[PDB]
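The primary structure of each chain is shown beneath.
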Amino acid sequence: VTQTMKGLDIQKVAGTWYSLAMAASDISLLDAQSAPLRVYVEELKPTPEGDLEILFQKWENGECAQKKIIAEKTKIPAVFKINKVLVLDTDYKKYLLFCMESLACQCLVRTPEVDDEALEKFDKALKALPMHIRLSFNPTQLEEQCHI
Ligand SMILES: CCCCCCCCCCCCCC(=O)O
């Protein structure tokens, strides 16, 4: 992944996000509801120290579970450690593209709407990468727990 966000201001990614689209290098990372990188971002909470707390949902044991993880800052503002989280691109107010790296990337949006522009930038960021599965969700699914 050789696309990072230059001048990323991590405080400005705070708040609500929707996992509009997901993509992975291997089908088994996203194919099942219980697939390991099938994670639905809920909210980003950057810390004063510039770490990133992530609230998300994950289908485990036949149900939609509320989850919390801290991604720690690095010397690079656009790269965090959990496994690396890279921020590819964001305009803060509509969309944010990220990857975790075996590789999974998402298109996050601020609202439960299909943002064609953001999905274009997403597919273009992926053009390069060796993705073998891509999912996207409709507005109804975006307002349900675990996008059911
Ligand atoms: C721009 C920041 C968005 C990054 C969101 C990272 C998503 C968190 C990945 C969670 C790892 C899965 C853990 C698990 O449930 O086993």
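Conventions and cut-offs
Residues numbered from 1 in each chain as written, not as in the entry; some residues may be left out. Heavy atoms only, no water. Residues with missing side-chain atoms left out of burial classes, pairs and counts. UniProt positions renumbered as here; feature names shortened; annotations may be inferred. Disulfide = S-S within 2.5 Å. Buried < 20%, exposed > 50% of the residue type's maximum accessible area, 1.4 Å probe, protein only. Pairing = 2+ DSSP bridges. Helix = DSSP H or I, 4+ residues; strand = E, 2+ residues; numbered from the N terminus. 1 Å grid on protein atoms, 1.4 Å probe; cavity = no way out; pocket = protein on both sides within 12 Å on 5 of 7 lines; lining within 4 Å. Points joined across faces, edges and corners; volume = space filled by probe spheres on them. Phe/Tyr/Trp six-rings, centres within 6.5 Å; stacked < 30°, edge-to-face > 60°. Near = heavy atom within 4 Å. Nonpolar A, V, L, I, M, F, W, Y, C, P; charged D, E, K, R; others polar. Polar contact = N/O pair within 3.5 Å; in protein donor to acceptor, adjacent residues only side chain to side chain.

Its PDB header names X-ray crystallography as the technique used to obtain the model and reports a resolution of 2.10 Å.

Taking the PDB entry as the reference, the protein is identified by name as Beta-lactoglobulin belonging to Bos taurus. Under the Subcellular location heading, UniProt states for the protein: "Secreted". According to UniProt, the comment filed for the protein under the heading Sequence similarities is "Belongs to the calycin superfamily. Lipocalin family."

Caption draft 1: Fine view of the state of the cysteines. If you walk through the whole model with that rule in mind, you get two disulfides. A disulfide bridge connects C64 with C146, and the sulfur atoms are separated by 2.0 Å. Across the S-S bond linking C64 and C146, the dihedral sits near 90°, which makes this disulfide right-handed. With respect to class, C64 is no different from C146; both count as buried. Across a sulfur-sulfur distance of 2.0 Å, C99 and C105 are joined as a disulfide pair.

Caption draft 2: Quick look at the sheet that holds strand β5 (residues 63-73). Spatially, ten strands are ordered β1-β3-β4-β5-β6-β7-β8-β9-β2-β10 in an open sheet, and the strand pairing comes out antiparallel. The sheet is open, and its two edges are formed by β1 (15-16) and β10 (133-136), each paired on a single side. Both β5 and strand β6 (residues 79-81) contribute to a ladder of two bridges, which runs antiparallel. Considered in β6, the bridge of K73 is made with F80.

Caption draft 3: Just the layout of surface pockets, in detail. There is about 190 Å³ of room inside the second largest pocket. In this structure, the second largest pocket is lined by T16, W17, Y18, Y40, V41, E42, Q57, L142, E143, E144, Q145 and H147. In terms of residues, the lining of the second largest pocket owes the most to one element, strand β3 (residues 39-46), which gives three residues.

Caption draft 4: Geometry of the pairing of strand β8 (residues 95-100). Extensive coverage of β8 is indicated by the burial of five of its six residues. Hairpin connection of strand β7 (residues 84-90) to β8: four residues between the antiparallel strands, including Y92 at a positive phi of 70°. Both β8 and strand β9 (residues 104-109) contribute to a ladder of six bridges, which runs antiparallel. Paired with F98 across the bridge in β9 is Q106.

Caption draft 5: Representation of the packing of aromatic side chains. Counting across every chain of the model gives one aromatic pair. Ring centres of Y40 and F137 lie 5.9 Å apart, and the angle between their planes is 65°; on these two criteria the pair is classed as edge-to-face. In this structure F137 comes out as buried when scored by relative accessible area, which is 10%.

Caption draft 6: Main features of the site of the ligand. Inspection of the region around the ligand gives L44, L52, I54, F56, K67, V85, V87, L96, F98 and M100 as its neighbouring residues. Contributing elements (two or more residues each) for the shell around the ligand: β4 (52-60), β7 and β8. Partitioned by chemical class, the residues of the shell around the ligand number nine nonpolar, no polar and one charged.

Caption draft 7: Expanded view of the side chain of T47. Within the element layout of this structure, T47 appears in the loop between β3 and β4. The class of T47 is buried, set by a relative accessible area of 17%. There is a polar contact of 3.2 Å between the side chain of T47 and the side chain of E49.

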